[PDB]
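Down below is the structure, laid out as structure tokens.
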Amino acid sequence: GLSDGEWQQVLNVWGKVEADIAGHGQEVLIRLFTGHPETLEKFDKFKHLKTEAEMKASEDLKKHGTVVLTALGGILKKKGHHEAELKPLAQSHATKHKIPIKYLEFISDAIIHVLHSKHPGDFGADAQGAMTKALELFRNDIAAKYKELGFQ
Ligand code: HEM
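Heads up, the sequence shown is in the authors' numbering, so the first residue is 1 and it goes up one at a time.
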């Protein structure tokens, strides 16, 4: 649960991402894959990537970063009223992709990391607080659907 002022911070931060969605999406995925190599094994289309240089050179990885962040941005713009947008993603991630909730924690922290790396000194403590709370809400509502489905 976020206040109006917190949502305002979230959507202000998101403007930084929307200025270069593919570059942010690429770096988020590279941070996830290099920090948590078990996550790469869930992607049949990226498991061939052995080095970070290959990851950086991959245009399909940048494409997928655009897909991921476009979906997250659409959810964030709903300011918590995201049941319809979140349900298909929860279902696909539990039943088809088999993504444990832990990996959603990993990517949440990776987003925070990338924001500081690309905007050092321009991602303030209030903005970090609000973004963290928004990603927690997203993760918690997915977790509720995972529990319904019995997925661990
Ligand atoms: C911010 C969180 C994320 C968002 C919004 C997101 C969004 C999406 C979207 C929109 C798709 C394509 C449609 C679909 O299959 O439902 C997708 C595919 C996928 N997601 Fe996620 N995702 C997230 C986190 C993750 C994480 C943490 C993993 C794995 C560690 C992951 C693994 C996958 C896989 C395996 C695919 C299928 C890729 C394919 O083969 O082309 N997702 N995701």
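Ideal placement from N, C-alpha and C gives every residue a C-beta, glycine not left out.
Check: residue i C-beta below 7 angstroms from any heavy atom of ligand 1
| i | result |
| --- | --- |
| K45 | yes |
| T34 | no |
| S92 | yes |
| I101 | no |
| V67 | yes |
| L89 | yes |
| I107 | yes |
| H113 | no |
| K42 | yes |
| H97 | yes |
| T132 | no |
| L76 | no |
| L72 | yes |
Through-space distance from residue j to residue i, alpha-carbon basis
| i | j | result |
| --- | --- | --- |
| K56 | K96 | 27 angstroms |
| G150 | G124 | 38 angstroms |
| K118 | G23 | 10 angstroms |
| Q91 | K145 | 8 angstroms |
| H36 | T132 | 20 angstroms |
| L61 | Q26 | 6 angstroms |
| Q152 | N140 | 14 angstroms |
| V10 | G73 | 10 angstroms |
| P120 | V114 | 10 angstroms |
| residue 161 | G5 | What is shown of the chain runs 1 to 152, which leaves residue 161 out entirely. |
| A134 | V13 | 12 angstroms |
| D20 | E54 | 21 angstroms |
| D126 | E38 | 32 angstroms |
| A94 | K77 | 23 angstroms |
| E83 | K147 | 15 angstroms |
Distance between beta carbons of residue j and residue i, contact taken as under 8 angstroms
| i | j | result |
| --- | --- | --- |
| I142 | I101 | 7 angstroms |
| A130 | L2 | 7 angstroms |
| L32 | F138 | No, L32 and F138 are not in contact; Cβ-Cβ is about 16 angstroms, not under 8 angstroms. |
| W7 | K63 | So it is not a contact: roughly 29 angstroms between Cβ atoms. |
| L49 | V17 | 23 angstroms between Cβ atoms; not a contact. |
| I99 | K42 | 6 angstroms |
Can you check the segment 110-151 for any alpha helix (DSSP H) of at least 4 residues that lies completely inside it and give the ranges in chain order?
Complete alpha helix (DSSP H) runs here, min 4: 125-149.
Start-end ranges of the alpha helix (DSSP H) lying completely within the segment 43-88, minimum 4 residues:
Counting only runs of 4 or more, we get 52-57 and 59-76.
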